[PDB]
Structures are given as structure tokens and as C-alpha cells.
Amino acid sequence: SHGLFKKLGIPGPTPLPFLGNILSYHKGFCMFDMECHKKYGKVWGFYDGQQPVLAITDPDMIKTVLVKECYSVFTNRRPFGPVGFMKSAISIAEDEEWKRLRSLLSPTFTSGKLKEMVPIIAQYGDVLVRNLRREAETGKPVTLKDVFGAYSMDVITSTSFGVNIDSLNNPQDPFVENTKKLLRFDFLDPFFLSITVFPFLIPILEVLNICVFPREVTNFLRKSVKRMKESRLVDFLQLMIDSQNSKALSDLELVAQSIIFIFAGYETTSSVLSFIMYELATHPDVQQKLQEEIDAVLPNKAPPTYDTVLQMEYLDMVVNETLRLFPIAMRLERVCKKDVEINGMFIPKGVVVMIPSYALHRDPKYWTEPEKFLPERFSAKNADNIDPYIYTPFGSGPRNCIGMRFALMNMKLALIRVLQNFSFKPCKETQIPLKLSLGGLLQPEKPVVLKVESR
């Protein structure tokens, strides 16, 4: 297949036999997408082994892939395996199975259901302050991925299942310990390396009961959800139970969706919160102006409500600019299920159309000083000059992030209660500037550590 992009006249790095272009992943997804966007321009193609991957940067062509031709052509993501029973996960399901799951899980995050979660989240916002207060009274450094991960785990377990697992910590909580090692995509591990280079090994491992998710971690979550069924005694757990007592969702598919919601609520929320606090500490002018707005909307440390959060404009600018610099998904991918020609470009069946979100968020031909943290890009004065198909931190189209509004509300509800009582400073041991992990997923090399001062 290594002559496909040579046939279509599409530029790209020369692929090696069998390997393709995976040798260029030594710097990670991001640095590889950045160099390819500069060298080859608006459209380039490479090979993840024998898999041709077409990278597009045109907003109109991105809109056609993500929005217009979603249900008909670009419906599924890249086939990920071996998954085993997790194939029924909404992020992994395909075609009609995903269509049924998306409609089944869409009412989970309506504006009414989200507003019901604010009082529940307000409880753990108080525990977050007291846990930050013990470490604040001492000059001891604070690992923010630990304290934000515990807060995120409590919000996702109570708002989706109505169960309190982390009672003020319990810092050795088993849900965090298992969700931590739930998945570790590292190019170094020849497993995920050989899966991409030689994909015919997937049906071997599937029949061998081999799964990319570890057994002890799946078992802990598989039996916890079975324990989490306490009826007799409307949430993410009730929407699936009610539809189950009416195809329908089996007790194994109901667990598969819970694992996706638990991981996304823990890992993604805690990672972005750590990225936000790093920029607030390295930019004291932004942190002060954000604290001044929070006090103006919530005087005397007033409790945050669903309406006051949507009122804070500068808070939305800080969250959006951090998501621009750090798109945790990095890439958006769709599988071309049939031959099409979008915007005057033929795309064969089976080619993976990829949108480099990290490279587009730092494209100099869009963002003035793209490497700099400037929240003024997202002010209502300048937000008109932002293409929603260039800035896609949550994706776009029918298969975007279903928990986008929940993640935005959960993070903003955390930043408010934290900045109401504390200020953040570097520690010298804080890695400045922040080096990104040259591995698979978007993470810092050294964990983000900061000093916490009370007010």
C-alpha cells in the first residue's frame, strides 16, 4: 500500500518496508504532526505500518469528514484491538451499535441533568479545599495530578452511579489505583508497536482471551459495577438499567460503558486541570485577573451555581486557551468506509482520515504566537476569528466528545473553589518550561508540582 499516496499525488515522508513511518514517532504524535504540517503543507499522507493515513488541515474538508459525511462515510474510528468485550464501548463501537449507544447515552448530559450535579459536586469541592489546606499550611510541594484525580474520581462515581467511594481519602482508594493502570499506550512497548506494524496478530490474541486492558483492572471494575447495582433502594447508571428492563444492553456492555465514563472522568479531567494550574502559576497576571472575576461573580466565597459558572467569561477563556495548547486527544481520526471524493480529493476505501488537532492548534498561519499562553485569543472581541474546525479540543460532528459540557462544568467548578481560597506559585522543582511526554499520550514528563499559599 506504500504507493497509494504516490499514486494520488499526495506528499508525505517516504515509508520503510513493513514499518512505514512509525520510526518517526520517536518524538511522539505531536512533534511528528508539526514537522509534517510545515514540510508538506495542507495535506500529507503517511503509513502506520501498512495502514495509509491521510492528514487534512482544510476547515471545509474537516467539516465534511466530521459533520457532513459522518453517518454515511466517516462513521467509525481506527479499528482498535485486541479489545475483547470492550468492543461494545461507545468510543470503540461501530456503525449501528455506536448509533444505538450514542442515542442511549445522549440524555446523560442534558442541561437539566448537568444542573442537578452542581450540588453533588459542591460537596467534593469542600473536601478538595480542606485536602489542599493541609498541604498549604506547609511549604511542602503538591503533586496536582493526585489531588485533582481524587476529586475527579468522586465526581464521576457519584454523578453516574450515586455511590461515594472516596470518603475524604482513603488516598489508597482502589478505584484510582486501578483506573490509573487501565491503559498505557507507550510506543516503547513492542506490543502496541507490533499491533500497528503487523495487524494480522489481532485475531490471534482475541481468540487467546488476550486484551489490551489488564485482567486485574477489568475484573475490579467488572465486579464493582455488579456491586454498584443496588436496586431496590436518573443517572448514567439508571438510563442503562431502565433501557435494560424493556435489544437490549447486557450486563457486560453496561460495564463497558462504565469503564469509558470512569476513565474519561478521572484521567481527562485531572490532566487538563493540572495543565490549567501550570499556566496560572507561570502567568501570575492571568491567575490574578481570574481570581478577581471569581470574586466579582461570587463575593464572600459564594457557592458556585450552574448559572454563575456560565457567567464567568475569563474563566472560559483560560480553559479554552489551555485546551488549545494541550489537546489531550491530539488527533481526530475517521475510517473511510467507501470510496469518496470530498472537496476535489479522492479518498480510497479503508484510508484513515486524520485531523492533527495539536498541529492545527499551534499553526502560525492562524494563531499569533501559537506557543504562548494568551487567553485573549478567546475573548468575545477576538473569538469571531476562530474557526471551529481548526480549534477542535472536543472534536466535532455527531461523534464528538459526549461529555464535553460535563468536563467543562466539572473543571470550572473545581477551578472556582480552588482559586477562591488559594494561589499557586512555582517550586523550582517545577519543570519550567513544561516538557511533554515524548511517548503515546499527552502528558508532562515530570509531574506538575506547585506551591500552594492560602488567602
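Numbers for residues come from their place in the sequence shown, where the first is 1.
S.K.: What size is the break between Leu233 and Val234 in terms of deposited sequence residues left without coordinates: none, 1 to 3, 4 to 9, or 10 or more?
M.R.: Unmodelled stretch: 4 to 9 residues.
S.K.: Please classify the coordinate gap between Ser246 and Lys247 in terms of deposited residues: none, 1 to 3, 4 to 9, or 10 or more.
M.R.: Unmodelled stretch: 4 to 9 residues.
S.K.: Mean Cα B factor from the PDB record: higher for 15-23, or higher for 434-442?
M.R.: Going by the record's values, the stretch with the higher mean is 434-442.
S.K.: Would you mind comparing 126-134 and 347-355 for me and telling me which has the higher average C-alpha temperature factor in the entry?
M.R.: Comparing 126-134 with 347-355, the higher mean C-alpha B-factor belongs to 126-134.
S.K.: Per the PDB entry, which option out of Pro375, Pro82, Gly265, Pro174 has the greatest Cα B factor?
M.R.: Going by the entry's C-alpha B-factors, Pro174 comes out highest.
S.K.: Between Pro388, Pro393, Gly403, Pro426, let me know which has the highest C-alpha B-factor in the entry?
M.R.: By C-alpha B-factor in the record, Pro426 ranks first.
S.K.: Just say lowest, middle or highest third for the CA B-factor of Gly139 relative to the other modelled residues in its chain.
M.R.: As the PDB entry reports it, the C-alpha B-factor of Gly139 lands in the highest third of its chain.
S.K.: Is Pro299 in the lowest, middle or highest third of its chain when residues are ranked by C-alpha B-factor?
M.R.: It belongs to the highest third of the chain when residues are ordered by C-alpha B-factor.
S.K.: By the record's CA B-factor, is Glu321 among the lowest, middle or highest third of residues in the chain?
M.R.: Ranked within chain, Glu321 CA B lands in the lowest tercile.
S.K.: Can you tell me whether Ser379 has a C-alpha B-factor in the lowest, middle or highest third compared with the other modelled residues of the same chain?
M.R.: For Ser379, the deposited C-alpha B-factor lands in the middle third.
S.K.: Of the three thirds of its chain by CA temperature factor, lowest, middle or highest, which one includes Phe148?
M.R.: For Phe148, whose C-alpha B-factor we compare with every modelled residue in the chain, the answer is the middle third.
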